[PDB]
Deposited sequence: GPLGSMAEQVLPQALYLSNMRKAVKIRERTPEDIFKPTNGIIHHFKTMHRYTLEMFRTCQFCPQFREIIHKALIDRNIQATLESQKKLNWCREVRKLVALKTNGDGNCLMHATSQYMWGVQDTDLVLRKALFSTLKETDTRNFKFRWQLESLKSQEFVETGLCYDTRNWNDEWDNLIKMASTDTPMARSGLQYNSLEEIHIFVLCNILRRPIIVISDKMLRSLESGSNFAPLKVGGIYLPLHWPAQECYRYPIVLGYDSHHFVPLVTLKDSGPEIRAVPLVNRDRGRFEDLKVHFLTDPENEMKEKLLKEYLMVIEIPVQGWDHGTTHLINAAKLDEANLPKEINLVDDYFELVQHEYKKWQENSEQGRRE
């Protein structure tokens, strides 16, 4: 049990070196553009190899770092690691202080949590200190179909939207309710525009009833979040892959040792013998009309042959970034050296 439960605990001093770089890398332009990162949004963490060690020692590593509950829920629900043609993803444990969306995202890019609330504070200022009319537009349009106003027969006055929008703005703050307010889909979409990097969220499709085991309500969080307030040429085309379950966010990182399997995430779920597209969130009607052309621009789409329901089937997937963290800011290098040192002692 000696191994830490978080990557950054291997070298807190290096983790501080990283957490002190993120604030100075944010550019706050005077023009009215959303504030964003200069360089650090292009970093990507891959997780070190584990298949080398013996089975019993693989468990103590996996127990320490991997969120077993989110891993088991998503894998056994045919939502995570279902495609035999692509490399595996594993969910790194993430603090549950109400900021896991920022924690999970910072871990995917940098290996550190949003301990200093850099991402969280960057989200709040955008909503609080700048014009948000386009965000509120996209959010209204999605809410109408998502919350199914036509189905429930609901009507919203202009004040109803304002109160709900002001509440989403207050949710982004660092005020205490857990330690911080949880966040929802529109915050992810603002976040991805702050990063100029797409965010794919992998999650289950429906919330189950504790009484009947039947379907209670849909989870609408899964899907693709594109940084649409920026030209795709000014965006990083490799996505951030997040996992969602039990109102918790975790990063879905890939193992560095990749066999013949392809480093890509399928942009399609297999629900009931049908290859269902992932929901592309917060598009406008013109954007939705060119949905595929937008996907092929903000991502790197490829066709992956997969086993089809005794036949071969062609699905679209997005290429995934290789680990590009330099040695000075690579906490995975340090944690791996810590694993090998313990593995020598474990053999006694």
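Peer 1: Show which contiguous pieces of the deposited sequence have no C-alpha coordinates, counting from residue 1.
Peer 2: Several stretches lack coordinates - namely 1-8, 186-190, 323-324, 364-371, in sequence order.
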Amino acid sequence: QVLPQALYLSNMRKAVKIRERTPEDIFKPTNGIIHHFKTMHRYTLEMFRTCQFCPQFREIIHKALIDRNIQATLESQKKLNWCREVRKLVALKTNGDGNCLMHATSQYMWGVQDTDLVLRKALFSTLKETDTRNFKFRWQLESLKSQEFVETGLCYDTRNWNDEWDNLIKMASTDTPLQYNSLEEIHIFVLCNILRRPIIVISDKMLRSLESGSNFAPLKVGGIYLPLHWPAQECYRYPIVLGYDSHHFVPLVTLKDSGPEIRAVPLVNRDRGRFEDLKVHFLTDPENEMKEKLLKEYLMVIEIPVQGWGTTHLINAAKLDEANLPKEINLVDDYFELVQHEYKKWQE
From here on, numbers count along this sequence of modelled residues.
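Peer 1: Select between 262-270 and 214-222 the stretch whose C-alpha atoms have the higher average B-factor in the entry.
Peer 2: Here the higher of the two C-alpha B-factor means belongs to 262-270.
Peer 1: If you take the mean CA temperature factor per stretch, which one wins between 200-208 and 184-192?
Peer 2: For C-alpha atoms only, the mean B-factor is higher in 200-208.
Peer 1: Determine which member of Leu255, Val241, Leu74, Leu92 has the highest CA B-factor, using the values in the deposited entry.
Peer 2: Highest C-alpha B-factor among the listed options: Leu255.
Peer 1: Select one of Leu45, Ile70, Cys54, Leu283: the residue whose C-alpha shows the highest B-factor in the crystal structure entry.
Peer 2: Of the options given, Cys54 has the highest CA B-factor in the PDB entry.
Peer 1: Taking the C-alpha B-factors as the PDB entry records them, is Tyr156 in the lowest, middle or highest third of its chain?
Peer 2: Middle third - that is where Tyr156 ends up once the chain's C-alpha B-factors are sorted.
Peer 1: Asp131's Cα B-factor: lowest, middle or highest third of the chain?
Peer 2: It falls in the top third of the chain.
Peer 1: By the record's CA B-factor, is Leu144 among the lowest, middle or highest third of residues in the chain?
Peer 2: Middle third by C-alpha B-factor.
Peer 1: For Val86, return the chain-relative third of its C-alpha B-factor as stated in the PDB record: lowest, middle or highest.
Peer 2: Answer is highest: the recorded C-alpha B-factor places it there.
Peer 1: Using the B-factors in the PDB entry, rank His41's C-alpha atom against the chain and give the third, lowest, middle or highest.
Peer 2: It falls in the bottom third of the chain.
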